[PDB]
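Visitor: Right, I'll just put the structure down here and ask away after.
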Amino acid sequence: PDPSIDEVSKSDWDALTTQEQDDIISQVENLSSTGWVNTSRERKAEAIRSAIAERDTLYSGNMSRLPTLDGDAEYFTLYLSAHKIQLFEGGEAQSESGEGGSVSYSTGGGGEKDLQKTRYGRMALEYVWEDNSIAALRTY
Amino acid sequence: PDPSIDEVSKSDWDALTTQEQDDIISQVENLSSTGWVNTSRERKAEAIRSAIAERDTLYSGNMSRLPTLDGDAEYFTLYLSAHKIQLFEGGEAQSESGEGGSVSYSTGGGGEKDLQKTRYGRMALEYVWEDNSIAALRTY
Amino acid sequence: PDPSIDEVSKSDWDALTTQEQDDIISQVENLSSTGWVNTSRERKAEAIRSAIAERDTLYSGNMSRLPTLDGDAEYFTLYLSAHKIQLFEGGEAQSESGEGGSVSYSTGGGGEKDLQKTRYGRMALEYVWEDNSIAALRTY
Amino acid sequence: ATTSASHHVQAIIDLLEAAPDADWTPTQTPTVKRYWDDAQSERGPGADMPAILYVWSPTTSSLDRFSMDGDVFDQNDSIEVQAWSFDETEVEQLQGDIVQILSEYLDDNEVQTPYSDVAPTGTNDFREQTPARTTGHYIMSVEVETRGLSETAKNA
Amino acid sequence: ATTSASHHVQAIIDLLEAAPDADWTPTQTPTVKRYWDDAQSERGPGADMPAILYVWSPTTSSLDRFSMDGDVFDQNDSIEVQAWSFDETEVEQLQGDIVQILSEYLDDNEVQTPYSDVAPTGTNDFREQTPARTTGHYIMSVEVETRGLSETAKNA
Amino acid sequence: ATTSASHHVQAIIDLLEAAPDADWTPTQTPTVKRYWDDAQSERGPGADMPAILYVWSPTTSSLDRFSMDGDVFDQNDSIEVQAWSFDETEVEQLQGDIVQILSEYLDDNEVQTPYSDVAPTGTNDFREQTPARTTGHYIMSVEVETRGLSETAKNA
Amino acid sequence: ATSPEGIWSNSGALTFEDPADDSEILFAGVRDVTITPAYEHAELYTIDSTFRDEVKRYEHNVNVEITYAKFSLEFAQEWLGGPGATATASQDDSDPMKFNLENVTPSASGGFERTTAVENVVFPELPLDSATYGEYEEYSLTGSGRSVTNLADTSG
Ligand SMILES: [Mg+2]
Ligand SMILES: [Mg+2]
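Top line first, the protein sequences correspond to chains PQ, PR, PM, Pc, Pb, Pa and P3.
Just so you know, we're using the entry's author numbering here: the first sequence kicks off at 2 and counts up by one.
Just so you know, we're using the entry's author numbering here: the second sequence kicks off at 2 and counts up by one.
Just so you know, we're using the entry's author numbering here: the third sequence kicks off at 2 and counts up by one.
Just so you know, we're using the entry's author numbering here: the fourth sequence kicks off at 2 and counts up by one.
Just so you know, we're using the entry's author numbering here: the fifth sequence kicks off at 2 and counts up by one.
Just so you know, we're using the entry's author numbering here: the sixth sequence kicks off at 2 and counts up by one.
Just so you know, we're using the entry's author numbering here: the seventh sequence kicks off at 2 and counts up by one.
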């Protein structure tokens, strides 16, 4: 996209053209083979706007004078977006069964924090020190 | 590929021809018997671009002057790509069933972390000290 | 084969004739009763090329001036290749069921780490001190 | 004769293998197999390979009495052919092809085959079973019956 | 004319897609899909989206001998169309609509479709299954059968 | 006249709701619901409340061809009505009421209903299921078929 | 010559006309239609040979059998009234009502369109009421036309 998802804050996202938003949405839709085609535009836009806001608030600033977001901020925001889109539908699929036949995914077995609950969450989690508390400070 | 996958960063990948990208994609498609043929080209391109960026951000630099990426950076980037593609398709298949019959793929529960959760992840994980903190440094 | 799998590195594999590669592929195909006949040549070639590169980078050199690859480098590279081929196909089946006829293959939990997760890996693992670190050095 | 086979499963394998490349709709002629030629985890083609047809006999062959003489049984045999591919279009084309191949020999008076009749009797779609996330195989099938007079050696 | 499709599932998708917006009872024209277009956790429409119809073939297509010439199978095909929506009345309207749409072509002598006959043969209500606490899809369906003369190439 | 409803489930709900208070045996007129109006853990009445009737279609409706014209389907529809109460006597009375209510309209010329025929075709007792130890609902039901000529788009 | 071909029954458009006008008489809802030109045959045999010496044809008529399920009040009043009149009661006169009949029917492939036309069909008896409990009424006509006026491909 022309503006990248890491180049925009919440107020910037609201200031984008519909085309620039749709380009970013189209990038997020690459992260699933299903593309989430049965969820409407407004909900994917809300998830992205939320991911932007949550990055800028919960995953910003320094920790032992390292950035708290160590990985690529583009892909972090995309994975955080995909995580939110997934949670706008349900959990991870543990099992899916059709008119006939079935598949099951071993998507469980992780911890209890939100990011631990889904595949996109578990990817995003690596970009941000795995939520580890490595901060340090001193008297001067 | 003429430019192999370790010769390029995110901004280089975006500057390659479609032919150079498609040959790298073709190499990644060797890592599964199913080739991920029913996932579109752009989704595989996104996963590769993401793996390139993630390597250069999360799996770069040194620990006690050892490189953080000990194994071949080619096969590491391919495995990291294949891991992401598999997550775009919803993760591992633990079991499958239908009029073709049924199969179960001996996963167990596995580990909690993303690279532990899929076979391509687990192959990539050996290249990077199994994500351990071997780093050591001194006053001088 | 005339050039043996232990005599060739990644660059050498790319320099071999198609027949020399095919002889080595034919040797690898001996390690399964099925021969993996429904997986294409390119995928078996990629698995072998990867196993060669992975041997040379992750399973090379020394610890305490013992070789880190203690066993026969021929059979190590073959078992490492067979491990890779099997992982290009979902891994080991714990069970296979068809037209009523059914079987289960006693794999069990099988640990968590890469080489533990399939039979060919479990064989290859004995060649490399079971991934143990007998490494030792001293001041002089 | 094109087959002269011992048993119905091999007979239909021989018929499908005997088909010219021009009579298949896709670019690549499919590979024909007994259902038990391949292990389950490896069943169906890989990417960059031709589609696979699996042949077997799913139900009991009947052996009806033909007459009081007992020279022959009126034998009725049953077969299923499953087409496996990753392309949902290819399995549909193969279902068409299998019908068009095995709709030759419909009233073969034991000229090409050891049978009076080889006939597709129905077809199945199983594409609804392939889960949409994963790049798993699509499956479709043809059901084939087969009939002839089978010698008893009662009267030597 | 309207379809000329290679298989019954595509043929009925084409018929439902060919329907004018004015012939659908709701404000928004439904989306028509193969059953296997969508993953299970995402099956059915999201809120504010138009309703979804899923088409597939649930049972074996019969091929019967038409005559002892062997030129033709009397082919009988089976389909189900499932309507998914959050609105209990919308699915009921869609069931009415699907029956109406597919009640054209009732004795189409291969003019519109590749068939002699496309007909709704039964309908199902599954609204009783939807749990009342949760927002969740109501489902109803039309069962459709489809009949025609299908060529064998026996006599070329 | 009395209903004019688009679907059989709402049609029979409209009939049961149209019954005068005098035509029910108990003191309180029952409440009529679709099976999916209520969640399971609170399905059936509370104490100090009127008995509840749940209506739904349990099985496939038939659409048979009426003639070569294709102008109409002979449509046969199926419904179940379940009566829920804590009084074993009240459910028995309600079963007798539902029967004698829905035995009006037995041969409408689409006069009251949109049907040729609405008929109770059988009745069920399930009182043996209610565990005697706990307070809990008794259930009984009426099975109702419904038949009429139904239009088509064929001739417009 | 035109290739012989299968015919889907429901494709046929049967109509009746008053031969005084060529005006249509309303008739509908056919289920069975048989039209059969016939002659009596006389065969010559003599002592000179055991084989047939000659065969000749006489007493031409066209047998018409119709089963139908929509009652036509016009058709019945025409049958009662006799040629060029309608009646609400039996008529005490010797002239039966003569109907011109035409049936137009496409081939299953559309390869030809037969028109069969029959002059002066008369029916010895007319069913008025044909009730069976729990069924729609069904009616059988047996009659005889004077000759076939037309049997041709109507296409183009
Ligand atoms: Mg290791
Ligand atoms: Mg990590």
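Backbone N, C-alpha and C define an ideal beta-carbon position, used for all residues, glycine too.
Rounded to whole angstroms, what is the Cα-Cα separation between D78 (chain Pc) and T114 (chain Pc)?
Guide: Translated into positions along the fourth sequence, residue 78 (chain Pc) becomes position 77. Translated into positions along the fourth sequence, residue 114 (chain Pc) becomes position 113. Going from the Cα of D78 (chain Pc) to the Cα of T114 (chain Pc) covers about 13 Å.
Visitor: Measure how close the beta-carbons of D118 (chain Pb) and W9 (chain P3) come, nearest whole angstrom, since I'm counting them as under 8 Å.
Guide: Residue 118 (chain Pb) sits at position 117 when you count from the first residue of the fifth sequence. Residue 9 (chain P3) sits at position 8 when you count from the first residue of the seventh sequence. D118 (chain Pb) to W9 (chain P3), Cβ: 7 Å. Contact.
Visitor: Run through chain Pc and tell me which residues come within less than 7 Å of residue 1 (chain Pb), C-beta to C-beta.
Guide: This structure cannot speak to residue 1 (chain Pb), because chain Pb is shown only from 2 to 157.
Visitor: Could you please tell me which residues of the region 24-51 of chain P3, in chain order, have their CB closer than 8 Å to any CB of chain Pa?
Guide: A29, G30, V31, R32 and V34
Visitor: Within the present structure, is the beta-carbon of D132 (chain PR) separated from the nearest heavy atom of ligand 2 by less than 7 Å?
Guide: Your numbering for residue 132 (chain PR) matches position 131 in the second sequence. Indeed, a heavy atom of ligand 2 lies less than 7 Å from the Cβ.
Visitor: Assess, as a yes-or-no matter, whether the region 10-24 of chain PQ is touched by the region 43-51 of chain PQ under the definition of 3 or more beta carbon pairs within less than 8 Å.
Guide: yes
Visitor: Can a CB atom of chain Pa be found closer than 8 Å to the CB of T136 (chain Pb)?
Guide: The count along the fifth sequence starts at 1 and reaches residue 136 (chain Pb) at position 135. Answer no: the Cβ-Cβ gap between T136 (chain Pb) and chain Pa never drops below 8 Å.
Visitor: Starting from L70 (chain PQ) and walking both ways along the beta strand (DSSP E), at which residues does that stretch end?
Guide: In the first sequence, counting from the first residue as 1, residue 70 (chain PQ) sits at position 69. Segment: none, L70 (chain PQ) is in no beta strand (DSSP E) and carries neither H nor E.
Visitor: If the cut is a Cβ gap below 9 Å, which residues of chain Pa does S108 (chain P3) touch?
Guide: In the seventh sequence, counting from the first residue as 1, residue 108 (chain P3) sits at position 107. Result: empty, since nearest Cβ-Cβ is about 16 Å, beyond 9 Å.
Visitor: Using the beta-carbon of each residue, which ones in chain PR are nearer than 7 Å to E43 (chain PQ)?
Guide: Position 42 of the first sequence holds residue 43 (chain PQ). Result: empty, since nearest Cβ-Cβ is about 23 Å, beyond 7 Å.
Visitor: Alpha carbon to alpha carbon, how far is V29 (chain PQ) from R44 (chain Pb)? Give it in angstroms, no decimals.
Guide: Within the fifth sequence, the letter at position 43 stands for residue 44 (chain Pb). Within the first sequence, the letter at position 28 stands for residue 29 (chain PQ). Distance between the alpha carbons of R44 (chain Pb) and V29 (chain PQ): 20 Å.
Visitor: To which residues does DSSP link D78 (chain Pb) through a beta bridge?
Guide: Within the fifth sequence, the letter at position 77 stands for residue 78 (chain Pb). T147 (chain Pb).
Visitor: Near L79 (chain PR), what residues of its chain come up, given a Cβ to Cβ distance below 7 Å and the 5 sequence neighbours on each side ignored?
Guide: By 1-based counting over the second sequence, the position of residue 79 (chain PR) is 78. Hits under 7 Å: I6, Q28, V29 and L32.
Visitor: Should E127 (chain PQ) be listed as close to ligand 2, given that the test is whether its C-beta is under 7 Å from any heavy atom?
Guide: Here residue 127 (chain PQ) is taken as the residue at index 126 of the first sequence, counted from 1. Yes; taking the cut-off as 7 Å, the Cβ of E127 (chain PQ) has a heavy atom of ligand 2 nearer than that.
Visitor: Give the residues of chain PR in contact with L59 (chain PM), contact being defined as C-beta atoms less than 9 Å apart.
Guide: Walking along the third sequence from the start, residue 59 (chain PM) turns up at place 58. Neighbours of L59 (chain PM) on chain PR, chain order: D71, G72, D73, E127 and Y128.
Visitor: Does the separation of the CB atoms of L102 (chain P3) and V65 (chain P3) fall below 8 Å?
Guide: For the purposes of this step, residue 102 (chain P3) is taken as residue 101 along the seventh sequence, with counting starting at 1. For the purposes of this step, residue 65 (chain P3) is taken as residue 64 along the seventh sequence, with counting starting at 1. Yes. Within cutoff.
Visitor: If the cut is a Cβ gap below 8 Å, which residues of chain PM does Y76 (chain PR) touch?
Guide: What you label residue 76 (chain PR) is simply residue 75 of the second sequence in a count that begins at 1. Per Cβ cutoff of 8 Å: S51, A54 and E55.
Visitor: By the DSSP assignment, the beta strand (DSSP E) with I53 (chain Pa) in it spans what residues?
Guide: Taking the first residue of the sixth sequence as position 1, residue 53 (chain Pa) is located at position 52. Here the beta strand (DSSP E) through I53 (chain Pa) covers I53 to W57.
Visitor: State the start and end residues of the unbroken alpha helix (DSSP H) segment that holds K34 (chain Pc).
Guide: Along the fourth sequence, read from residue 1 onward, the residue named residue 34 (chain Pc) stands at position 33. Counting along the chain, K34 (chain Pc) falls outside any alpha helix (DSSP H), though it belongs to the beta strand (DSSP E) covering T32 to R35.
Visitor: What residues in its chain sit with their C-beta under 6 Å from that of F100 (chain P3), if we drop five residues either side in the sequence?
Guide: As a first step, residue 100 (chain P3) is located in the seventh sequence; it is residue number 99 there, counting from the start. Cβ neighbours of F100 (chain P3) beyond the five flanking positions: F17 and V122.
Visitor: Rounded to a whole number of angstroms, what is the C-alpha to C-alpha distance between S104 (chain Pa) and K34 (chain Pa)?
Guide: Locating residue 104 (chain Pa) in the sixth sequence gives position 103, counting from the first residue. Locating residue 34 (chain Pa) in the sixth sequence gives position 33, counting from the first residue. Cα to Cα, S104 (chain Pa) sits roughly 20 Å from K34 (chain Pa).
Visitor: Would you mind sorting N133 (chain PQ) into buried or exposed? The rule is 16 or more other CB atoms within 10 Å of its CB.
Guide: For the purposes of this step, residue 133 (chain PQ) is identified with residue 132 of the first sequence, where counting begins at 1. By the C-beta density criterion, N133 (chain PQ) is exposed, having fewer than 16 other C-beta atoms within 10 angstroms.
Visitor: Please check if any C-beta of chain Pc sits within less than 8 Å of the C-beta of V38 (chain PQ).
Guide: As a position in the first sequence, residue 38 (chain PQ) is number 37, starting the count at 1. Answer no: the Cβ-Cβ gap between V38 (chain PQ) and chain Pc never drops below 8 Å.
Visitor: Are there 16 or more other CB atoms within 10 angstroms of the CB of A94 (chain PM), so buried, or fewer, so exposed?
Guide: The count along the third sequence starts at 1 and reaches residue 94 (chain PM) at position 93. So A94 (chain PM) counts as buried.
Visitor: Are there 16 or more other CB atoms within 10 angstroms of the CB of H138 (chain Pb), so buried, or fewer, so exposed?
Guide: On the fifth sequence, residue 138 (chain Pb) is found 137 positions in, with the first residue counted as 1. With 16 or more Cβ atoms within 10 Å of its Cβ, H138 (chain Pb) is classed as buried.
Visitor: So if DSSP puts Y139 (chain Pb) in a beta bridge, which residue, or which two residues, is it bridged to?
Guide: Taking the fifth sequence and counting its residues from 1, one reaches residue 139 (chain Pb) at position 138. Note: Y139 (chain Pb) sits in a beta bridge opposite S86 (chain Pb).
Visitor: Taking 8 Å as the threshold, find out whether the region 36-56 of chain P3 comes into contact with the region 107-116 of chain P3 through three or more Cβ pairs.
Guide: no
Visitor: Would you tell me roughly how many angstroms separate the C-alpha atoms of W25 (chain Pb) and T122 (chain Pa), rounded to the nearest one?
Guide: Within the fifth sequence, the letter at position 24 stands for residue 25 (chain Pb). Within the sixth sequence, the letter at position 121 stands for residue 122 (chain Pa). Approximately 35 Å between the Cα atoms of the pair.
Visitor: Nearest to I135 (chain PM) by alpha carbon, out of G99 (chain PM), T119 (chain PM) and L70 (chain PM)?
Guide: Within the third sequence, numbered from 1, the residue matching residue 135 (chain PM) stands at position 134. The shortest C-alpha separation from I135 (chain PM) is found at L70 (chain PM).
Visitor: Determine, using beta carbons only, whether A133 (chain Pb) comes closer than 8 Å to chain Pa.
Guide: Your numbering for residue 133 (chain Pb) matches position 132 in the fifth sequence. Cβ-Cβ to chain Pa under 8 Å: yes for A133 (chain Pb).
Visitor: Check the DSSP bridge columns for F100 (chain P3) and list the partner residues they point to.
Guide: Position 99 of the seventh sequence, counting from 1, holds the residue named residue 100 (chain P3). DSSP lists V122 (chain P3) as the beta-bridge partner residues of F100 (chain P3).
Visitor: Does DSSP put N63 (chain PQ) in a helix, in a strand, or in coil?
Guide: As a first step, residue 63 (chain PQ) must be located in the first sequence, where it is residue number 62. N63 (chain PQ) falls in the strand class under three-state DSSP.
Visitor: Answer yes or no: do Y76 (chain PR) and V129 (chain PR) have a C-beta to C-beta separation smaller than 8 Å?
Guide: Residue 76 (chain PR) sits at position 75 when you count from the first residue of the second sequence. Residue 129 (chain PR) sits at position 128 when you count from the first residue of the second sequence. With contacts defined as CB atoms closer than 8 Å, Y76 (chain PR) and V129 (chain PR) fail to qualify as a contacting pair.
Visitor: In whole angstroms, what is the alpha-carbon distance linking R123 (chain PM) and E113 (chain PM)?
Guide: As a first step, residue 123 (chain PM) must be located in the third sequence, where it is residue number 122. As a first step, residue 113 (chain PM) must be located in the third sequence, where it is residue number 112. Cα-Cα distance, rounded: 12 Å.
Visitor: Whole angstroms is fine: what's the gap from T60 (chain Pa)'s alpha carbon to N125 (chain Pb)'s?
Guide: Stepping through the sixth sequence from its first residue, residue 60 (chain Pa) is reached at position 59. Stepping through the fifth sequence from its first residue, residue 125 (chain Pb) is reached at position 124. Linking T60 (chain Pa) to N125 (chain Pb) through their CA atoms gives a straight-line distance of about 7 Å.
Visitor: Given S62 (chain Pb), which residues of its chain have a CB within under 6 Å of its CB, disregarding the five upstream and five downstream residues?
Guide: Taking the first residue of the fifth sequence as 1, we reach residue 62 (chain Pb) at position 61. Taken in chain order, the residues that qualify are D78.
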